[PDB]
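Visitor: One structure coming up, written as structure tokens, with questions to follow.
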Amino acid sequence: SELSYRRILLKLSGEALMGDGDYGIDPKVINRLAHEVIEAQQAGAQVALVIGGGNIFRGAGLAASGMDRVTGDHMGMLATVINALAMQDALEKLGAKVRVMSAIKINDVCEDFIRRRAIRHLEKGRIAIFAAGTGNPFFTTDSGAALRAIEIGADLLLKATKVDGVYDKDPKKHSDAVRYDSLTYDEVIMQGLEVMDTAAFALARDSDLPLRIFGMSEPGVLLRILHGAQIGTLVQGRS
Amino acid sequence: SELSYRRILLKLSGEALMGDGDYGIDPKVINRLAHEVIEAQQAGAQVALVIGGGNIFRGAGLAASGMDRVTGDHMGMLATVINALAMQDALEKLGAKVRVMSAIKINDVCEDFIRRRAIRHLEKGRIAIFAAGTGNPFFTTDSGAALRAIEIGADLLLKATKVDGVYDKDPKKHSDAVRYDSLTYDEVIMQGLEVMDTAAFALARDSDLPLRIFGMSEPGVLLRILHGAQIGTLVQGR
Amino acid sequence: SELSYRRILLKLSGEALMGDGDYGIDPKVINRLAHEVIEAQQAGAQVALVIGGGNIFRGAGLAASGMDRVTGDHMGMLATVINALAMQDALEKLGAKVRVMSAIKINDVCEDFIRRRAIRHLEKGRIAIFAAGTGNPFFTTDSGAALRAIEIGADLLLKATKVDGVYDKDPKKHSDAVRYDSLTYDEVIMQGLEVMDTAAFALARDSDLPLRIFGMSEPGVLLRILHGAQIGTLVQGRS
Amino acid sequence: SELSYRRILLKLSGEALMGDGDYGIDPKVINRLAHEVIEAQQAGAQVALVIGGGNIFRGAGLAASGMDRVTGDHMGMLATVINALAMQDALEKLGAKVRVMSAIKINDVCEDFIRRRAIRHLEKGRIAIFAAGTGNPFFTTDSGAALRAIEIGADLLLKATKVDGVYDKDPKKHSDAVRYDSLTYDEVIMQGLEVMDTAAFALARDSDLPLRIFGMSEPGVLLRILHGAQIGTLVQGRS
Amino acid sequence: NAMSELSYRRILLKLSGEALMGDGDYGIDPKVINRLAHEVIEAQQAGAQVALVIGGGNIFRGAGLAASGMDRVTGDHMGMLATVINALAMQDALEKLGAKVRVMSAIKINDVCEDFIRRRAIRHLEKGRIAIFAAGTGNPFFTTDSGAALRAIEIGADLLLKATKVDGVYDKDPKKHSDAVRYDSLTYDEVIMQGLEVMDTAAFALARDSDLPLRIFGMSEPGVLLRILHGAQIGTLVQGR
Amino acid sequence: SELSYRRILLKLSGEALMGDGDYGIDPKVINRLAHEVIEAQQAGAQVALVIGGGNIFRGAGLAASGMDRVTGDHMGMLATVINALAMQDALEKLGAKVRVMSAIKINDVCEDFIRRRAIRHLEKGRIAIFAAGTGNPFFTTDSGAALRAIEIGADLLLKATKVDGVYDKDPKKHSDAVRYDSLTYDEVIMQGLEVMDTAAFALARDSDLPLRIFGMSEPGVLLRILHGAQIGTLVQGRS
Ligand SMILES: Nc1nc2c(ncn2[C@@H]2O[C@H](COP(=O)(O)OP(=O)(O)OP(=O)(O)O)[C@@H](O)[C@H]2O)c(=O)[nH]1
Ligand SMILES: Nc1nc2c(ncn2[C@@H]2O[C@H](COP(=O)(O)OP(=O)(O)OP(=O)(O)O)[C@@H](O)[C@H]2O)c(=O)[nH]1
Ligand SMILES: Nc1nc2c(ncn2[C@@H]2O[C@H](COP(=O)(O)OP(=O)(O)OP(=O)(O)O)[C@@H](O)[C@H]2O)c(=O)[nH]1
Ligand SMILES: Nc1nc2c(ncn2[C@@H]2O[C@H](COP(=O)(O)OP(=O)(O)OP(=O)(O)O)[C@@H](O)[C@H]2O)c(=O)[nH]1
Ligand SMILES: Nc1nc2c(ncn2[C@@H]2O[C@H](COP(=O)(O)OP(=O)(O)OP(=O)(O)O)[C@@H](O)[C@H]2O)c(=O)[nH]1
Ligand SMILES: Nc1nc2c(ncn2[C@@H]2O[C@H](COP(=O)(O)OP(=O)(O)OP(=O)(O)O)[C@@H](O)[C@H]2O)c(=O)[nH]1
């Protein structure tokens, strides 16, 4: 119809999946998220999802020290597959065709990431769900999210965080805090504002990937954003 | 030298790994479980390990009731790799050599189960840690476990569960069942006792695989069983 | 459709491919079976085949009494890949679209087995042919057939054998052997009647897989069955 | 030290395994052959084997007259994996160390072929058994043996046949059939003699591979040839 | 462009890697790469199903890479990888002109392109895609020509076109005989008999085994490929016995 | 014995292999390099090397500015396998044991990168050659070298460049220039000195990987460095 962003990639921490739970997934949250996503898709947007695995890579048993750093990242990556698999069902049950694609080979469980396939999947009206990040350890979920966004040539990367947008002085350690309507990559760096870890930000800044930091709490957000509403902060261009 | 069982495979429900917490794993039961395992290799035994994923694959959101079974089984498989890796890491810190092997290919994370390879690894005195069951959906963790046991030509499949063995009707409820110090295969079927699901039990039976249902509550239980200790039940023969 | 069952899985022993020879494939038998299959498909049936390998993996040299059981199972598995390849070329000679899918990776030769892919193929009018059982040793052709049936959500698993159905008394012992029309998994277990090995039978038992044991003596029979013919013995139900 | 040839590749047809039978493998024949291979390997030879598949890929059912040639060849390649597996067993029963290596990937069943791995296996004293030819249709087993020979740096390529060497006229037509002791590659082609198919013969020639065509007529033949004995025909050099 | 004008339906066109070089001494001349792409697209528009095979000699060259005493196999792998690079270049030039391309490799490099599967390759031809085949047969010791003939037979091609410097097969060396003539056609046998070079022995036999029609010609001027496809007697045709 | 660094990763440009050429590999530059590496080896160091592909993926034809960036990065990754394959040949000629590992699967040609395998190889005294960077487009060779260095627990990442260290200005037109002997990561950032691209540096910063930026002008610099010598610039520390 009238979209301001044709192809998008929505990334979330996955702790966000837990909800008020302390672990795993909360059927309530995943149900709303799947619904948000399905509205986006129906509206005409080719949608891609990235979801971290922090809801599963939890506890002293797992996330506590000693654990070989590489081994923990591998585990984390498996966790994001499990999550991707749950979004796949929740969504298909609701009529969408889903294509989970993993940055590491686990062919039994889901297909391999291949840029040319992914694009064709988005073009056919399917939801792309990416898992396992970039495929290497030492890279955050934002990095893989950025990379994937750039590969598929997305119009916008949506990073859903607890705080809705970027603020000057914490929406807590201040009452007067104002939400930047928009920012350039440089304005961010110059003002020491932090959005994604250095590497992930550089990656996004080299391709000038439109970023949007925002909440996700209120239903209909994707629909507003797709239709133009200035929601959260928008990171774009290079001053 | 001088053991009742030379190549062994130890099977845990994984939900075991949780112990205190309701999810994931607690380092306590892991470290100790690793020790029990180290100790067997010390004795001079060839050890295999298979652990479930129900500790990571749990909760309403993940193990949803109206959930596709395959999707769900894949998730469980994945869960078992996670636990497999945790054990690898814990076991390696204590200096032991290990080899995690997956029934479904995930080479980034660990090698593929290759029968000739898993065996070879045991001969070099490494601990084989198998994950992802048989790599098929609809098969229990028991099935995968029996399969691998037969595969490596294991002398003994050890299943650690809640109850300390195989009881007629269970402990407490009905003049405290007498723990059969043994029980042929056909006997288990005739009497309709539970050990493993039909399919798993059938596999184990067909190759005449010595079972052994027991509890790992006291530390040192494994070292004893190997020597000759008659703990828990022991399923065998016809 | 114009037939009761639409998505079915037909399983033969493959020894049932040698006809009157003592090892190969019999052009008679395979052309005859091709027509049956082509016919059903032409009537809207989504057909999957599983054919064993006892016609290739035979002889003292190959099925040596001793011999590593695992390496024997691997020969049987490859045997089924060869049969499937033959069933492919025969079906394609008659204008059918075929997808052979093996449970062990041999991608040069035929496509890997992937549940989602297989269904797709089926709902596209193609004949799916599965080879190499469950991909595991110590598992019979039937287990592999039950597994695939459940996986693809077939309405019926047809197992073609010598004895047409199941009888109370042994049909070669008594002339007064009675053939049941139907039976429940319990009724079979309890009467200690044998239709598949324990494992295979159990697998299908956990999914109430509608089994049909029958003899593929004369042509037409496959089509009659899809219409509702009380041929052989139906096994279905937890009763 | 006493050897005229340290690394050799011995190629046999698949029919060489059947014995008097009309299919599969004769336990007694594969045993002799195994014994002869051990005798060589113990005298300090490094041995690669290549066995064809015509003992399994035979009969009007499998080797159908007008079947798809690619499908035909793939069936054959699978036939060879089955033979190599049987050879492996036989050899291993008698304490030999063995590595089956396939030209197409079937990792479940046997390891992949990789030139560096293979040469290494040979250095360690293992018997190398190569299956599936070149991994391509339209190429013969002879071509696959020639290829493997060059890749592993064989000192000699042996091709075991029914007729002990190359005779001017078939040793059944004119009773005065004379055997050649040595022939250049060019002499063979010149005399229109039929040793290997054109492509395989050219690979042998261009790679400078001495080639001995002989029959395994009696025990100890392989070992003798290994010590320089002139049995059968030697194809070497150019004109 | 009337499909009724097609003398050949499915073709495989084969070039040496050096062709992409043009005047430079290395790699790819974008001038050359574009004209090739234009010729190919032109053939596709006439209704042809087009398969492509380009060697790696433009990249695997120089004392350093192709050193006289290096390991023959690693050398061949190098060429194979060169071939994958060329194919990607072609993929990008063709796609930029609106063509739909599928690179397929004889050795698995799945990040980079799909691997060769016969039945897949054929379906791509059916759907109107240009197939670009890389890495020969996937084995060392086989020439590009060998991979080319294999692929041609495997996809059921009506013709294998090998582009070379010389514009056909002459009865005699034209650089040595002024009376030398270009054959319009030759049987596979007449080539052997007259000791004429067309492909190395192994690749010729494989082509000969399946009676693959071959057309040896020179891509000297634009439009030559479309003319061949419309029946032009250009270069030399090898076919039959 | 001595040795101030046990496990190193030496990273080269690629064009560094060209020498007096405009493309490819100068066999002179490659041999004295092998020599340097082999010397570092024969002194007890465990050596991993990473070489770019700029010598091969260049010229408007290959490195076309208007070309799809992903497929260009892929061409680059392939060029680095070629380079790796040539180093391997030269080093083995001089008697070294070499393991070439690529970040994207190409098993025919070399092995996959697997962190535990690479460590093992390094413990058995083999030279590890890493090709294809991280396996993702949009990532530099630096990024790849930093990753591998961390993954393998390198004690030092050497980066050979055009000039002999980090300077406060261009030393080729300025005899004025001041070379820094050592810098902290945070110093490099605030002084705006270019060492690596931002992502690579952050990747290197997070694990506090010791960097040694130096020029391989004269034979023996590698060895000297291994022995404590203070050549080029050292980057390290978090002040
Ligand atoms: N687990 C797993 N699933 C796969 C793989 N490849 C494809 N699939 C799934 O199989 C289903 C259908 O397979 P595809 O082969 O992608 O079929 P397609 O022709 O693109 O799609 P349709 O047009 O919908 O038939 C999809 O839902 C994919 O998610 C794989 O390698 N592994
Ligand atoms: N993630 C992963 N690790 C692997 C894989 N294959 C081997 N490894 C690990 O790499 C390490 C050593 O590799 P190996 O291939 O065993 O090397 P090796 O030649 O046995 O010689 P040893 O290390 O002495 O056995 C071990 O920790 C293995 O578990 C794989 O496919 N994936
Ligand atoms: N041998 C082999 N064939 C394959 C493999 N994957 C796909 N195919 C074959 O490729 C051909 C078609 O390619 P697909 O990948 O199915 O293409 P698709 O768009 O679903 O389907 P079509 O509509 O049939 O073109 C069929 O003949 C398949 O059997 C494989 O791994 N091995
Ligand atoms: N089926 C199959 N077997 C394999 C594969 N890789 C190795 N093997 C077998 O595994 C056994 C030994 O494992 P390897 O990894 O070769 O061990 P290795 O350390 O070189 O050599 P050894 O330990 O002396 O065997 C041998 O019998 C191999 O044939 C494979 O990919 N598939
Ligand atoms: N690099 C790489 N690309 C692949 C691979 N497999 C498929 N592709 C590409 O993915 C894209 C689409 O996949 P296909 O699955 O072939 O789609 P299809 O539906 O026939 O055709 P379209 O929808 O018309 O593109 C194509 O550009 C293929 O080149 C692979 O293994 N590696
Ligand atoms: N091309 C390619 N080569 C491989 C691959 N895996 C191993 N190799 C090579 O094969 C050779 C020997 O196999 P390895 O399995 O490394 O043997 P090893 O037991 O580690 O011990 P060595 O024989 O001492 O090297 C080595 O040169 C490895 O480079 C692979 O996947 N592809």
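Identifiers for the structure tokens are assigned positionally: chains receive A, B, ... in sequence, residues are indexed from 1 per chain, and ligands are indexed from 1 in the order shown.
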Chain A least-squares fit onto chain D, all C-alpha atoms in order: RMSD in Å?
Guide: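 Computed on C-alpha atoms only, the RMSD stands at 0.7 Å.
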Visitor: Can you build me a table of chain F residues sitting at most 9 Å from ligand 2, with the closest atom pair per residue and its distance in Å to one decimal, using only C-alpha atoms and all ligand atoms, sorted by chain and residue number, as JSON lines?
Guide:
{"residue": "F:112", "atom": "CA", "partner": "ligand 2", "partner_atom_place_in_ligand_line": "31 (O)", "distance": 8.7}
{"residue": "F:113", "atom": "CA", "partner": "ligand 2", "partner_atom_place_in_ligand_line": "32 (N)", "distance": 8.9}
{"residue": "F:114", "atom": "CA", "partner": "ligand 2", "partner_atom_place_in_ligand_line": "2 (C)", "distance": 5.7}
{"residue": "F:115", "atom": "CA", "partner": "ligand 2", "partner_atom_place_in_ligand_line": "1 (N)", "distance": 7.0}
{"residue": "F:116", "atom": "CA", "partner": "ligand 2", "partner_atom_place_in_ligand_line": "10 (O)", "distance": 4.1}
{"residue": "F:117", "atom": "CA", "partner": "ligand 2", "partner_atom_place_in_ligand_line": "10 (O)", "distance": 4.0}
{"residue": "F:118", "atom": "CA", "partner": "ligand 2", "partner_atom_place_in_ligand_line": "10 (O)", "distance": 7.6}
{"residue": "F:119", "atom": "CA", "partner": "ligand 2", "partner_atom_place_in_ligand_line": "11 (C)", "distance": 7.6}
{"residue": "F:120", "atom": "CA", "partner": "ligand 2", "partner_atom_place_in_ligand_line": "23 (O)", "distance": 5.5}
{"residue": "F:121", "atom": "CA", "partner": "ligand 2", "partner_atom_place_in_ligand_line": "17 (O)", "distance": 7.6}
{"residue": "F:124", "atom": "CA", "partner": "ligand 2", "partner_atom_place_in_ligand_line": "24 (O)", "distance": 8.6}
Visitor: Write the residues of the preceding selection, restricted to C-alpha atoms, as a PDB file, in the first residue's frame.
Guide:
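Just written: again-v8.pdb:
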ATOM      1  CA  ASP F 112      37.704 -26.101   7.276  1.00  0.00           C
ATOM      2  CA  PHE F 113      38.593 -23.818  10.101  1.00  0.00           C
ATOM      3  CA  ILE F 114      37.779 -25.428  13.411  1.00  0.00           C
ATOM      4  CA  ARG F 115      39.209 -23.709  16.451  1.00  0.00           C
ATOM      5  CA  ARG F 116      40.029 -26.906  18.339  1.00  0.00           C
ATOM      6  CA  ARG F 117      41.648 -28.419  15.200  1.00  0.00           C
ATOM      7  CA  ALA F 118      43.715 -25.287  14.583  1.00  0.00           C
ATOM      8  CA  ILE F 119      44.929 -25.291  18.190  1.00  0.00           C
ATOM      9  CA  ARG F 120      45.893 -28.952  17.874  1.00  0.00           C
ATOM     10  CA  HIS F 121      47.813 -28.355  14.666  1.00  0.00           C
ATOM     11  CA  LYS F 124      52.029 -30.377  16.891  1.00  0.00           C
TER      12      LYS F 124
END
Visitor: Residues of chain B within 9 Å of chain A: nearest atom pair and distance (Å, one decimal) for each, counting only C-alpha atoms, sorted by chain and number, as a Markdown table?
Guide:
| residue | atom | partner | partner_atom | distance |
| --- | --- | --- | --- | --- |
| B:18 | CA | A:61 | CA | 8.8 |
| B:21 | CA | A:59 | CA | 8.8 |
| B:23 | CA | A:23 | CA | 7.2 |
| B:24 | CA | A:59 | CA | 6.6 |
| B:25 | CA | A:61 | CA | 4.7 |
| B:26 | CA | A:61 | CA | 4.6 |
| B:27 | CA | A:61 | CA | 4.9 |
| B:28 | CA | A:61 | CA | 8.5 |
| B:30 | CA | A:61 | CA | 8.3 |
| B:56 | CA | A:56 | CA | 7.2 |
| B:57 | CA | A:24 | CA | 8.2 |
| B:58 | CA | A:24 | CA | 7.3 |
| B:59 | CA | A:24 | CA | 6.6 |
| B:60 | CA | A:27 | CA | 6.8 |
| B:61 | CA | A:25 | CA | 4.3 |
| B:62 | CA | A:25 | CA | 5.9 |
| B:64 | CA | A:27 | CA | 8.3 |
| B:67 | CA | A:89 | CA | 7.6 |
| B:68 | CA | A:89 | CA | 7.5 |
| B:71 | CA | A:85 | CA | 6.8 |
| B:72 | CA | A:85 | CA | 8.5 |
| B:74 | CA | A:109 | CA | 6.1 |
| B:75 | CA | A:82 | CA | 5.5 |
| B:76 | CA | A:82 | CA | 8.7 |
| B:78 | CA | A:78 | CA | 6.5 |
| B:79 | CA | A:78 | CA | 7.9 |
| B:81 | CA | A:75 | CA | 8.2 |
| B:82 | CA | A:75 | CA | 5.6 |
| B:83 | CA | A:75 | CA | 8.9 |
| B:85 | CA | A:71 | CA | 7.2 |
| B:86 | CA | A:62 | CA | 7.5 |
| B:89 | CA | A:67 | CA | 6.6 |
| B:90 | CA | A:67 | CA | 7.9 |
| B:93 | CA | A:66 | CA | 8.8 |
| B:104 | CA | A:108 | CA | 6.6 |
| B:105 | CA | A:106 | CA | 6.0 |
| B:106 | CA | A:106 | CA | 5.4 |
| B:107 | CA | A:105 | CA | 7.3 |
| B:108 | CA | A:104 | CA | 6.6 |
| B:109 | CA | A:74 | CA | 6.2 |
| B:135 | CA | A:108 | CA | 8.4 |
Visitor: Determine, for each residue of chain E having at least one atom at most 7 Å from an atom of chain F, the closest pair of atoms and their separation in Å to one decimal, counting only C-alpha atoms; order by chain and ascending number, as a tab-separated table.
Guide:
residue	atom	partner	partner_atom	distance
E:27	CA	F:62	CA	6.7
E:28	CA	F:61	CA	4.2
E:29	CA	F:61	CA	5.0
E:30	CA	F:61	CA	4.5
E:62	CA	F:24	CA	6.6
E:63	CA	F:27	CA	6.6
E:64	CA	F:25	CA	4.4
E:65	CA	F:25	CA	6.0
E:74	CA	F:85	CA	6.8
E:77	CA	F:109	CA	6.2
E:78	CA	F:82	CA	5.7
E:81	CA	F:78	CA	6.4
E:85	CA	F:75	CA	5.4
E:88	CA	F:71	CA	6.8
E:89	CA	F:62	CA	6.6
E:92	CA	F:67	CA	6.8
E:107	CA	F:108	CA	6.5
E:108	CA	F:106	CA	6.0
E:109	CA	F:106	CA	5.3
E:111	CA	F:104	CA	6.6
E:112	CA	F:74	CA	6.4
Visitor: Tell me, in Å to one decimal, how far CA of residue 195 in chain F is from CA of residue 5 in chain F.
Guide: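 For CA of residue 195 in chain F relative to CA of residue 5 in chain F, the distance reads 21.1 Å.
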Visitor: Just the number, please: distance in Å from CA of residue 216 in chain A to CA of residue 38 in chain A, one decimal.
Guide: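 Interatomic distance here is 14.4 Å.
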Visitor: Leaving out residue 56 in chain E and any residue of its chain fewer than 4 positions from it, which residues lie within 12 Å of it when counting only C-alpha atoms, given as a VMD selection string?
Guide: (chain E and resid 14 to 21 26 to 28 60 to 61 65 to 66 75 to 87 133 to 136 143 to 145) or (chain F and resid 82)
Visitor: Which residues come within 9 Å of residue 46 in chain A, counting only C-alpha atoms, excluding same-chain residues fewer than 3 positions away, as a PDB file with C-alpha atoms, in the first residue's frame?
Guide:
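Result file selection21.pdb:
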ATOM      1  CA  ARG A   6       9.800  -1.834   2.058  1.00  0.00           C
ATOM      2  CA  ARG A   7      12.068  -4.467   3.662  1.00  0.00           C
ATOM      3  CA  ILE A   8      12.932  -4.376   7.351  1.00  0.00           C
ATOM      4  CA  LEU A   9      14.832  -6.312   9.960  1.00  0.00           C
ATOM      5  CA  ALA A  40       3.819  -5.761   9.361  1.00  0.00           C
ATOM      6  CA  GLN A  41       3.931  -8.564   6.804  1.00  0.00           C
ATOM      7  CA  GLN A  42       0.294  -8.133   5.743  1.00  0.00           C
ATOM      8  CA  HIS A 121      12.478 -15.622   0.468  1.00  0.00           C
ATOM      9  CA  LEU A 122      11.735 -12.026   1.322  1.00  0.00           C
ATOM     10  CA  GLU A 123      10.626 -11.485  -2.237  1.00  0.00           C
ATOM     11  CA  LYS A 124       8.179 -14.357  -2.049  1.00  0.00           C
ATOM     12  CA  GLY A 125       6.416 -12.863   1.016  1.00  0.00           C
ATOM     13  CA  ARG A 126       8.033 -15.130   3.630  1.00  0.00           C
ATOM     14  CA  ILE A 127       9.362 -14.087   7.047  1.00  0.00           C
ATOM     15  CA  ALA A 128      13.145 -14.453   7.364  1.00  0.00           C
TER      16      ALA A 128
END
